[PDB]
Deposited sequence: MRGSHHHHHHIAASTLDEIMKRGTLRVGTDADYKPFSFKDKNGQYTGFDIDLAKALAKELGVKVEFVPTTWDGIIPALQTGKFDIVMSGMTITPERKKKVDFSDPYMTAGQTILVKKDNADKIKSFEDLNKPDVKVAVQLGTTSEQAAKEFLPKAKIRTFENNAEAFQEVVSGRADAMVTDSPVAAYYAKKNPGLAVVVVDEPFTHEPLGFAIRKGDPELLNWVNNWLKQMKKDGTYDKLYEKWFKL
């Protein structure tokens, strides 16, 4: 079990794609910070070990996990059926819907998702995310442009090279304040979880127990309100 491996080695290795505010990012001193980071820290404490963060590109984050580059994904990861087939998820630690971001100027042209499903519309998303999937399914006439990082996608919409970007609601809000604008999607919210390799119920139970505990004893709420005020 990875649990044994973790405790022997003395360190918890957390796979994270660390340009994803407010879940995981660098502060002004290039230090790891965010909701997922604080949670990672809490879990490490529970485990009696130190934390090490393993920066990983989002698109390959599941393969990195499956090939043992780290023990656990804590990186704003939505639980999906397709992903459940590859890894195991903890109980939900959060919920996020899909939000559309546009230039304040172009806020007039865009009531909803449907308004983006035209052939002249370019929409930016992070590669390998639920936002990519949502756009590809629900905006098939549009031009979807993908990016390794959200920051570039943000940059594409500001520069005018894209008409919009789709991202998780809490990320969209965080990018808004940086004087661009949000338009909201009523269609679907989904739970986020932490991912681990299959065949490790000791670690899964431990994580779930730990999480359960933090929701019981106030520690989680303190942390939620800290990042989502």
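Student: Show which contiguous pieces of the deposited sequence have no C-alpha coordinates, counting from residue 1.
Tutor: Going by the record, the segments left unmodelled (no C-alpha atoms) fall at 1-13, 191-194, 247.
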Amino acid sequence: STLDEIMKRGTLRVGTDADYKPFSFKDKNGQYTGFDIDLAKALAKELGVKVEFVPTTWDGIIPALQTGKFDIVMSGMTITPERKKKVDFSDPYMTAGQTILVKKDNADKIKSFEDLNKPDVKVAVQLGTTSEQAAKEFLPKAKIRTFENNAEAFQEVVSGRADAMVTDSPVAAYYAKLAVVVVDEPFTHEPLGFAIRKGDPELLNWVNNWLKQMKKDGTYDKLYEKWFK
From here on, numbers count along this sequence of modelled residues.
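Student: If you average the CA temperature factors as listed in the entry, which stretch comes out higher, 190-198 or 59-67?
Tutor: That would be 59-67.
Student: Taking the recorded C-alpha temperature factors, which stretch has the higher mean, 89-97 or 112-120?
Tutor: 112-120 has the higher mean C-alpha B-factor.
Student: Can you pull the Cα B-factors for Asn106, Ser75, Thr80, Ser131 from the entry and say which is highest?
Tutor: The listed residue with the largest C-alpha B-factor is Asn106.
Student: Highest Cα temperature factor in the entry, among the options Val166, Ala44, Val180, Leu203: which one is it?
Tutor: Reading the PDB entry, the winner on C-alpha B-factor is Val180.
Student: Classify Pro170 as lowest, middle or highest third according to the C-alpha B-factor given in the PDB entry, relative to its own chain.
Tutor: It belongs to the lowest third of the chain when residues are ordered by C-alpha B-factor.
Student: How does the C-alpha B factor of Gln126 compare with the rest of the chain: lowest, middle or highest third?
Tutor: Lowest third.
Student: Is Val49 in the lowest, middle or highest third of its chain when residues are ranked by C-alpha B-factor?
Tutor: Middle third.
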